[PDB]
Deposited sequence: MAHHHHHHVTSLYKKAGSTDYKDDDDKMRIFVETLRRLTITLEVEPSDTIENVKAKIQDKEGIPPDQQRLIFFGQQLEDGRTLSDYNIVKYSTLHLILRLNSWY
């Protein structure tokens, strides 16, 4: 399953059972953004670390929006 993360816009190959933290680690691997600094948005909802992509009904070609944690 391919999804898009708008930062630019890049692409990730993921599974529906992957956790948000797992998705964040891949964004760190490809973009160098530490997971705790990432804020991932989808359908106006902030994705929490403990849940999976299935919990938010994230499907193929879904677009996640990335905001950086302020201050920090």
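Residues 1-27, 35-37, 103-104 of the deposited sequence have no C-alpha coordinates in the structure.
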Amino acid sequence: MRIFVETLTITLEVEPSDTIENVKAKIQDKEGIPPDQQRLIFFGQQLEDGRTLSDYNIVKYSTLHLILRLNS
From here on, numbers count along this sequence of modelled residues.
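If you average the C-alpha B-factors over 8-16 and over 59-67, the higher value belongs to 8-16. In this PDB entry, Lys26 carries a Cα temperature factor that places it within the middle third of its chain's modelled residues.
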